[PDB]
Structure formats: structure tokens, C-alpha cells
**Q** 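Please read through the structure below; I'll follow up with questions.
In what follows, every chain begins at residue 1, and chains take the letters A, B, ... in the order their sequences are listed. Indexing begins at 1, ligand by ligand and atom by atom, following the structure's order.
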Number of protein chains: 2
Amino acid sequence: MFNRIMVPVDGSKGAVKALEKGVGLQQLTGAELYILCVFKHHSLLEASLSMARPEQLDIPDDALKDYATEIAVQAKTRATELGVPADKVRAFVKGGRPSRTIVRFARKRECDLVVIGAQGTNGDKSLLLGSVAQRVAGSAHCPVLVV
Amino acid sequence: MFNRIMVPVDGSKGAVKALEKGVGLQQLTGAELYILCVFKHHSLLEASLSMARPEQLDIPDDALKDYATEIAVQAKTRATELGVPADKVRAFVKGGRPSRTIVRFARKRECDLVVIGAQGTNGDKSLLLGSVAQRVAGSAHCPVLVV
Ligand SMILES: Nc1ncnc2c1ncn2[C@@H]1O[C@H](COP(=O)(O)OP(=O)(O)OP(=O)(O)O)[C@@H](O)[C@H]1O
Ligand SMILES: Nc1ncnc2c1ncn2[C@@H]1O[C@H](COP(=O)(O)OP(=O)(O)OP(=O)(O)O)[C@@H](O)[C@H]1O
Ligand SMILES: [Mg+2]
Ligand SMILES: [Mg+2]
């Protein structure tokens, strides 16, 4: 019933648990699995700042992209090791606002399911939905499996 | 991968779409399907009030329960229409706070999936995640498919 399953991943343990359920559903349906990691742009952060960040807090401009890439590749590799055929899994890295970017990606690529962690890099003992999960679950055009 | 799927229903169009996806997954897995409609009982509706509700709005608990029962029974009927074996689908009606009652029921009954509408009786064109959906997705012990 699901032909193209999207798993947004952020390098968190919550996202890995989401990926694992995505893999289970992939095996049940034979769907394509699309993995996406969104990274924040330098501009989007400092655009909404009153004063500039000190140059002591500087990072390479492509360092966030490289990190997102490693995360997406970890996820792809894990998915294939867990039994998803390599030709069914595709990994992507996109710059931008996570919730916005995830929902746009899901619509553009005609994904019929998004599988997302309940919590992410800011996870805790709380049973509150992470901000990205909350926004994606609300705004996605397709069903959203919160894991 | 899902042996016991729960669909909380509230009589909304959003809940109907949730049921339809729950049935789809039931047919794929041969899972048991547990349908639950929660009614807010009289003490709960009157719990945090600065003034009593007027007579015409004071609907007694037996009538609130009867409405929930009708909804749950219709959902079971509709599930069977769409392919689910009668013996695999059970309807439940419970009094209490919906979010908390749904989460507790999933845990007690050992459900491994909850399928819930993104929106409910207050649903509209907007992309706001429903309050019950938000709370269930955050607090459920198992994955929550928000449709
Ligand atoms: N940048 C991102 N790229 C891809 N997926 C993401 C990204 N951020 C979050 N997610 C997805 O959303 C899930 C929930 O993460 P979310 O960011 O909502 O929670 P959190 O970080 O713990 O809380 P908050 O961000 O509100 O402090 C993650 O497990 C992941 O699946
Ligand atoms: N009393 C209930 N019993 C069982 N399931 C419910 C109940 N209320 C809501 N649900 C489930 O939650 C889904 C989302 O409904 P929710 O009440 O969260 O949104 P809403 O009514 O549109 O918005 P809000 O109530 O936040 O203004 C419904 O489609 C249904 O599956
Ligand atoms: Mg986060
Ligand atoms: Mg509601």
C-alpha cells in the first residue's frame, strides 16, 4: 500500500529507531526508501540575529553539509544491512528549514509515507513530540508514522 | 510487523481516513484491529468550569456513551465491509480524557500500532495537527501513524 517511504534522519537515536520501522515497512510492501538529512544554511541562522556570531564560533561553510551527508550515508548503509535492496534505497541531503524541507521533499518526490522519530537530537525522558515531528505530522500531504 | 493495530475514532472525516489506512495495514499483516471511541464523561466536562453548562447543553453520560458506541460500531461495520474478518476487529467505548485514554489502552492491550487522524471533529482546510493526535503521537509506547 506504500510505494515510496521517506525517512528524514538527523543523526539522533530517535531517527535510527524511525529508520528501523521504515525498513520493516519496506520489507512488508517492497517500497522504495528515500532517506533525507536536512542541514541548516549559514544565512538562515545569522539572518535572524541582532548581532553577528563571534568568529571564534566559525565553522567551514560546507562542514554542516558534510555532516548531513555522513548521516544520510550511515542511514542508507544501515537500511541495506537490515535487508533493504541497495537499488530500492536512495539517500539525499538538502539545505534548509527541516520541517518545511521534509514536507516539500515528500510532496515533490511523491512519497506516500513519511517515517519520523518522535524526538531527535534534543531527545529526553519527556513524552512531548519534537518540534520537527509535530510540524511534519501536521503539514505532510501523506501519512506520517511517528516512531 | 504489526500484530495488533488500534484505530481511535471520533466520528470525524479525519478518523474515517485513519480507519481506511488501518484496514489497509490490517490486510497486509493479518493483524487484530482494535477500534476505540472515547467519550468525555460528565464530571470531566464540568471539571474546570467557572459556571455550569445550560440544561440544553448538559448531555447526560448515557447519551454521550451511546453516541460513542454508534461511532465505534459503525467503524467496525465499515472495517468489515473493506475486508477485515469480523473476528479480527473489535470495538471499544471508554469514558475519559481522549489522549490519555487512547495511550493507556494501547499499552494495556499491547497494541504495536496506533492509526489516528491528523484532524478530528474540529477539522478544516488548515494544516494544524489535532490536539489529541499531537499528544498521542508524543506519548504512545508504540508507533503512531498520523493520517
Ligand atoms: N534536520 C533534519 N533532517 C532530517 N530529519 C530531521 C531533522 N531534524 C529532525 N528530523 C526528524 O524528526 C525527528 C524528531 O526530531 P525533532 O527535531 O522534532 O526532535 P528534537 O530535536 O528532540 O526536539 P526539538 O528539535 O524540538 O528540540 C527526528 O528523529 C528525525 O527523524
Ligand atoms: N474522543 C476520541 N476518541 C477516539 N479517538 C479520537 C477522539 N478524539 C480524537 N480522536 C482521534 O484523533 C484524531 C485527531 O483529532 P483531534 O481531536 O486531535 O483534532 P481536531 O478535533 O481536529 O482538533 P482539536 O481537537 O485539536 O481542535 C481523530 O481523527 C481521531 O482519530
Ligand atoms: Mg531536532
Ligand atoms: Mg478533536
Side-chain angles (χ1 to χ4, degrees), chain A residues 5-23 33-41 44-45 64-65 67-76 78-79 91-106 111 113-140 144-147, chain B residues 8-16 18 37-40 45 68 71 97-102 116-124 126 128-138 143-144 146:
Chain A
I5 300 177
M6 183 195 173
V7 186
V9 296
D10 64 350
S12 73
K13 292 174 179 187
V16 175
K17 296 289 174 274
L19 179 64
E20 288 168 347
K21 288 290 180 281
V23 167
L33 191 66
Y34 276 38
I35 295 163
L36 177 64
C37 186
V38 183
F39 64 95
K40 74 188 174 192
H41 294 116
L44 270 44
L45 174 52
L64 293 169
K65 186 165 192 175
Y67 179 37
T69 301
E70 290 197 320
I71 288 167
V73 172
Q74 185 195 58
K76 176 159 161 64
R78 171 167 271 281
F92 302 86
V93 176
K94 291 261 174 289
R97 170 79 186 77
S99 291
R100 182 188 69 174
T101 300
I102 289 163
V103 167
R104 287 195 283 94
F105 185 97
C111 300
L113 179 65
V114 178
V115 182
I116 193 166
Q119 294 187 348
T121 61
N122 288 339
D124 49 19
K125 182 54 172 174
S126 180
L127 285 302
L128 277 43
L129 206 54
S131 55
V132 181
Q134 180 183 318
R135 286 153 183 159
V136 172
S139 61
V144 177
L145 186 66
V146 178
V147 174
Chain B
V9 295
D10 63 353
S12 73
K13 292 178 179 184
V16 166
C37 184
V38 184
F39 67 96
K40 290 177 175 170
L45 283 313
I71 290 168
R97 303 191 149 287
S99 301
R100 311 189 163 285
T101 302
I102 290 162
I116 196 155
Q119 291 187 336
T121 61
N122 297 320
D124 54 23
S126 179
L128 63 85
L129 187 60
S131 54
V132 179
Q134 182 178 313
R135 295 157 187 167
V136 172
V144 174
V146 177

**Q** Give yes if a backbone or side-chain nitrogen or oxygen of A:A133 is under 3.5 Å from a nitrogen or oxygen of ligand 1, and no if not.
**A**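 Among all N and O atoms of A:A133, at least one is under 3.5 Å from an N or O of ligand 1.
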**Q** If you measure every N or O of A:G117 against every N or O of ligand 1, does any of those distances drop under 3.5 Å?
**A**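 Looking only at distances, the answer is yes, because the N/O contact criterion of under 3.5 Å is met.
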**Q** For atom 27 (O) of ligand 1, which protein heavy atom lies nearest, and how many Å away is it?
**A**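 Of the protein heavy atoms, A:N122 ND2, 2.8 Å lies nearest.
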**Q** Minimum heavy-atom separation for A:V38 to A:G95, with atom names?
**A**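 Smallest heavy-atom distance, with atoms named: CG1-C, 4.3 Å.
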**Q** Do me a favour and list the nearest non-hydrogen protein atom to atom 26 (O) of ligand 1 with residue, atom name and distance?
**A**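 For atom 26 (O) of ligand 1, the nearest protein heavy atom comes out as A:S131 OG, 2.7 Å.
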**Q** Could you tell me the residue and atom name of the protein heavy atom closest to atom 2 (C) of ligand 1, and the distance to it rounded to 0.1 Å?
**A**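 Result: A:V38 O, 3.7 Å.
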**Q** Pick, from A:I35, A:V9, A:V114, the option with the minimum heavy-atom distance to atom 4 (C) of ligand 1.
**A**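 Nearest option to atom 4 (C) of ligand 1, by heavy atoms: A:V9.
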**Q** Looking at atom 17 (O) of ligand 1, what's its closest protein heavy atom, distance included?
**A**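 Atom 17 (O) of ligand 1 sits closest to the protein heavy atom A:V132 CG2, 3.3 Å.
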**Q** Would you please indicate if the ring centroids of A:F92 and A:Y34 are separated by under 6.0 Å?
**A**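 When the ring centroids of A:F92 and A:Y34 are compared, they turn out to be within the sub-6.0 Å range.
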**Q** One residue to check: A:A68. Relative to ligand 1, which of side chain, backbone, both or neither has a non-hydrogen atom less than 4.0 Å away?
**A**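 A:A68 to ligand 1: no contact under 4.0 Å from either part.
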**Q** Report the part of A:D124 (side chain from C-beta onward, or backbone N, CA, C, O) that has a heavy atom under 4.0 Å from ligand 1; answer both or neither where that applies.
**A**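 The answer is neither; A:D124 stays 4.0 Å or more away.
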**Q** If the contact criterion is a heavy-atom separation under 4.0 Å, does A:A18 count as touching ligand 1?
**A**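 Judged by the 4.0 Å heavy-atom criterion, A:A18 does not count as contacting ligand 1.
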**Q** Using distance only, find each side-chain donor-acceptor pair of residues 122-135 of chain A under 3.5 Å and give its atom names and separation, not counting sequence neighbours.
**A**
residue : atom : partner : partner atom : Å
A:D124  : OD1  : A:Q119  : NE2          : 3.2
A:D124  : OD1  : A:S126  : N            : 3.3
A:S126  : OG   : A:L128  : N            : 3.2

**Q** Would you indicate which of A:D10, A:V7, A:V16 comes nearest to atom 10 (N) of ligand 1 when only heavy atoms are counted?
**A**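 Minimum heavy-atom distance to atom 10 (N) of ligand 1 goes to A:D10.
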